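Chains as they are written, first to last, in the numbering used here: chain D, 74 to 104; chain G, 779 to 1025; chain F, 94 to 213; chain E, 11 to 126; chain U, 13 to 135. Beta carbons are placed, not taken as given, at the ideal position from N, Cα and C, and that holds for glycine. Before any comments, here is the structure.
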Amino acid sequence: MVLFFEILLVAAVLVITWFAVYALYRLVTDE
Amino acid sequence: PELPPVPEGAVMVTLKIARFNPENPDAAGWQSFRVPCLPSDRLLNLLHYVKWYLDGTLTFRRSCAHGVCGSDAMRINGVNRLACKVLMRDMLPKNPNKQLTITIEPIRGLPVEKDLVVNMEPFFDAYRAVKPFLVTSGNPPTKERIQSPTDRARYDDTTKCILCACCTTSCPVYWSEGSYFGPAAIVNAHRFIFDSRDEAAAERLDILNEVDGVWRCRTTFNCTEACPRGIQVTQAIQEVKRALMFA
Amino acid sequence: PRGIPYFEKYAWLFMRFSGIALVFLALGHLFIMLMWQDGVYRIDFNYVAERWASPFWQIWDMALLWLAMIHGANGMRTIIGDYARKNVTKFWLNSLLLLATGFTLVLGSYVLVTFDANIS
Amino acid sequence: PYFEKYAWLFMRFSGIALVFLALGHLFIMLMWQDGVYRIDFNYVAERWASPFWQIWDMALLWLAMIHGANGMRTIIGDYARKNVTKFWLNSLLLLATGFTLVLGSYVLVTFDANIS
Amino acid sequence: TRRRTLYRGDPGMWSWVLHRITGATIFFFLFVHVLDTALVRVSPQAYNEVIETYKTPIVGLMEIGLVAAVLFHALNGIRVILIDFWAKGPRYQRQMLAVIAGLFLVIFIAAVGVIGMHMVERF
Ligand SMILES: CCCCCCCCCCCCCCCC(=O)OC[C@H](COP(=O)(O)O)OC(=O)CCCCCCCCCCCCCCC
Ligand SMILES: CCCCCCCCCCCCCCCC(=O)OC[C@H](COP(=O)(O)O)OC(=O)CCCCCCCCCCCCCCC
Ligand code: HEM
Ligand code: HEM
Ligand code: HEM
Ligand code: HEM
Ligand code: SF4
Ligand code: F3S
Ligand code: FES
């Protein structure tokens, strides 16, 4: 039960980090 | 052929062009040249040296001696510059005998056609889509319809646009998806929206009031920083935004 | 004429006005939560229950929830519009965003409106 | 502009949701233990003491009423010949839909088990 | 073919990219956190379980990170609102930017000090 919410926390951190690096990647790539 | 000319006082600056051949190989890449520099030189003089003596597949646009027309917008060391103005008089790191290198490459956002040459037709299509001409009645007054020296000094500072695209090709919103008009189209529409003797201000403001109009500006000042005429591109964009808010 | 007329102007204005309000709402929330008495180390059900026995904090939290969710949802709408290349991708991502935002607003509003201190 | 496209899409999406909502409601009401023959105030009160069933019934109410109101808007638009008739029938529909949504939302939000 | 290169433009560009990143950060956190708070309509023990797992040193440094994100977003959003509503806004863009850099450093070192003394006395 608590495990569900710590799983949710790490999933949120992964989505946050992915979005940060993806925004920077789309900024620097020439397409 | 015979031999390159004689230098006088040279620093032997290195250039790093980003070559791209459209047909012969489609194998682009960087290429480094070594050319002599002076205090009274410019990146245009150096690219001319490269094209005349060393290379000769290297193409780029340029017209004017120094009456600016805006044909040689490039990315020089990251920023957009108009290579005829980079003014190498200021090379103080030349004295410490460090190897100086300059990085040249086309502007970003438009389809490349060869080295340092891009396809300006998307830019000009966005330009001639804000209706950048005076729309009026249909029976001219034979004697130059009147306008005050107060109404005239309002759309000033946007009449200086030489249409070089140094601004539109530094807009991250323009690098992004969709079809943002761009700083330059919005400048050349501000010029006509704030002109007293015009009868399509409302129609232009309705063109700029779409999803890909003036509301996609993320208030980056890349355009203002890049303009070679010093136009305050983002303040023009702000004035159009406020004319849409308060009207 | 790609969407609803004058929707972008009002989304723009809403981001500005909700920012002005959210300064106070969100920063007062963070202050009172993290650096007032023991920060997180005082927080528990009894703390929540004695805070939500006050009209002040109830309205504060409901305004915070609604303003923050509509603000963030509009901002992410902009981000999706700037990063999605295919129209089908943009459609389904805007639908996922709308679904998640609606679910979060529904759950937060339910909890606030229905909270009772005496549950066990 | 673009109101018909979104009414169309809403009918599709609310249909997908209402499959589960309405058919689960009908199942649990009519064919679980004694069907209607078990239903009374105590049954309603012990069902509405649960966040699950409270949110279920509020979602059912809102989705079903907006779905039906849009569908009847279409039906009126296809059967009413005079513009005055169409105007007053759409106004009657809007009034009845608003009244039903207001009453159902009031009852759900304000229901208390201990009334007498 | 895809070239990769850094534009190296205005400082308002980096302000905008930080603004976007921190905004999305707060949005995702808010989703997760409204859920775990909605756990209060279930049980005092459920709520205490979860928020007690939110009282660890890892989550404490994360609290500091989120404080930083929200604080920068608020300050830079004030700058953006000023640029948009104030008619002499776009002229003082870089002035506002330096001012909010100063305010951020002040308020954030203060907030880290307070949160840190709490974490110290808690261990
Ligand atoms: C679109 C705009 C939406 C606005 C939403 C923003 C709301 C943000 C937070 C505001 C909360 C307001 C609720 C007030 C409850 C309260 O304070 O009252 C609750 C207080 C408890 O406050 P504390 O526990 O925090 O001390 O109870 C008291 O004992 C107060 C004593 C007298 C106070 C009188 C206030 C009654 C009404 C006067 C309102 C003042 C406004 C004046 C305007 C001209
Ligand atoms: C636009 C979208 C609108 C959405 C509305 C549709 C709602 C349809 C019905 C769903 C109702 C959901 C309310 C949940 C209440 C509940 O579970 O609680 C309801 C139940 C009581 O119902 P029962 O006794 O009949 O089973 O309570 C429990 O005993 C649950 C035990 C612990 C569960 C904790 C969950 C709390 C919140 C965490 C959610 C995690 C799921 C994540 C999914 C993304
Ligand atoms: C470490 C940081 C935070 C902590 C410890 C925290 C803690 C809490 C607590 C204890 C509550 C409910 C109790 C009460 O309101 O009195 C709550 C609810 C809430 N918080 Fe936070 N919070 C934090 C950050 C944030 C942030 C950054 C936001 C938004 C930007 C936010 C938005 C909300 C909202 C909207 C609610 C209402 C929940 C609901 O209505 O269901 N919080 N949070
Ligand atoms: C819960 C709190 C917040 C959330 C979830 C949030 C989320 C977001 C997101 C995702 C964006 C999009 C960024 C972009 O498009 O580049 C944004 C923009 C913005 N935010 Fe917030 N933000 C929050 C708080 C604040 C605060 C406190 C302010 C204070 C002024 C603020 C002001 C702004 C402004 C003005 C914008 C528009 C930026 C632009 O249009 O360029 N925000 N927000
Ligand atoms: C024989 C068939 C039905 C019976 C015996 C029945 C019975 C009930 C009962 C007992 C309740 C309230 C108690 C509770 O929800 O636990 C209720 C409420 C409700 N029912 Fe039904 N129902 C039937 C069919 C339907 C249908 C077909 C729909 C919609 C398509 C529907 C929609 C609703 C709604 C929206 C509520 C909420 C009432 C409110 O919020 O005031 N029901 N019905
Ligand atoms: C139970 C699952 C349901 C599904 C899957 C569903 C699906 C649909 C769909 C896709 C349409 C569009 C038909 C069209 O545009 O041609 C429709 C129309 C309609 N729906 Fe539903 N619906 C459901 C339940 C309901 C409920 C509960 C109501 C009313 C309370 C309702 C009332 C209507 C009406 C009146 C129409 C108009 C019919 C027409 O215009 O031809 N439906 N339904
Ligand atoms: S605005 Fe300044 S930069 Fe943009 S095009 Fe006209 S001149 Fe070149
Ligand atoms: S570069 Fe781009 S987004 Fe705004 S202010 Fe200048 S236009
Ligand atoms: S040469 Fe014409 S502008 Fe540089």
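- Counting only residues of its own chain and dropping the five nearest sequence neighbours on each side, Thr879 of chain G has a CB closer than 7 Å to the CB of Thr792, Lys794.
- Of all residues in the stretch 169-182 of chain F, those with a C-beta nearer than 9 Å to a C-beta of chain G are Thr171, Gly174, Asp175, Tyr176, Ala177, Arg178, reading in chain order.
- Counting C-beta atoms within 10 angstroms of its own C-beta, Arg20 of chain U has fewer than 16 neighbours from the protein chains shown and is therefore classed as exposed.
- Neighbourhood of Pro950 of chain G in chain D, by CB distance below 8 Å: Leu100, in chain order.
- Within 6 Å of the C-beta of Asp833 of chain G there is not a single heavy atom belonging to ligand 9.
- The stretch 27-36 of chain E and the stretch 163-174 of chain F do not touch, with fewer than 3 CB-CB distances between them shorter than 8 Å.
- Neighbours of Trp105 of chain F in chain G, taken as residues at a C-beta separation under 7 Å, are given in chain order as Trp993.
- With its beta carbon less than 7 Å from one in chain G, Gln105 of chain U belongs to the interface.
- The count of Cβ pairs closer than 8 Å, one atom from the stretch 109-119 of chain U and one from the stretch 80-87 of chain U, reaches three, so the stretches are in contact.
- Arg1020 of chain G and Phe798 of chain G have their alpha carbons spaced roughly 43 Å apart.
- Remark: the C-beta of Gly201 of chain F is in contact range of ligand 3, defined as less than 6 Å to any heavy atom.
- If you look at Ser810 of chain G, you'll find it in the beta strand (DSSP E) that goes 807-812.
- The Cβ atoms of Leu158 of chain F and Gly201 of chain F sit closer than 7 Å to each other.
- With a threshold of 6 Å, the Cβ atom of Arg57 of chain E counts as near ligand 5, since some heavy atom of the ligand is closer than that.
- In the three-state reduction of the DSSP assignment, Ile795 of chain G falls in the strand class, which pools E and B.
- Distance between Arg906 of chain G and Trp98 of chain E, taken at the CA atoms: about 48 Å.
- Between the stretch 135-151 of chain F and the stretch 177-195 of chain F, the count of C-beta pairs closer than 8 Å stays below three; the two stretches do not touch.
- By the criterion of at least three beta-carbon pairs nearer than 8 Å, the stretch 934-953 of chain G is in contact with the stretch 884-899 of chain G.
- Contacts with chain F at 7 Å (Cβ-Cβ) do not include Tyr116 of chain E.
- From the listed residues G:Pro800, G:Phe999, G:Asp990, the smallest Cα separation to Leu894 of chain G is found for G:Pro800.
- DSSP, read as helix, strand or coil, puts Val62 of chain U in helix.
- Going by beta carbons, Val965 of chain G and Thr936 of chain G fall inside the 7 Å limit.
- In this structure, the straight-line span from the alpha carbon of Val992 of chain G to that of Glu891 of chain G is close to 29 Å.
- Between the stretch 38-57 of chain E and the stretch 101-110 of chain E there are fewer than three inter-stretch CB-CB distances shorter than 8 Å, so the stretches are not counted as touching.
- Beta-bridge analysis with DSSP links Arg16 of chain U to D:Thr102.
- Under DSSP, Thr879 of chain G shares a beta bridge with G:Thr792.
- Here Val857 of chain G is bridged, per DSSP, to G:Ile854.
- In the DSSP assignment, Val890 of chain G falls outside any alpha helix (DSSP H) and lies within the beta strand (DSSP E) extending over 890-892.
- One residue after another in chain order, those with a Cβ under 6 Å from a heavy atom of ligand 6 are E:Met21, E:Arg22, E:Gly25, E:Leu28, E:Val29, E:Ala32, E:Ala74, E:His77, E:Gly78, E:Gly81, E:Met82, E:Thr84, E:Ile85.
- One thing to note: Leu836 of chain G has its Cβ within 7 Å of the Cβ of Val828 of chain G.
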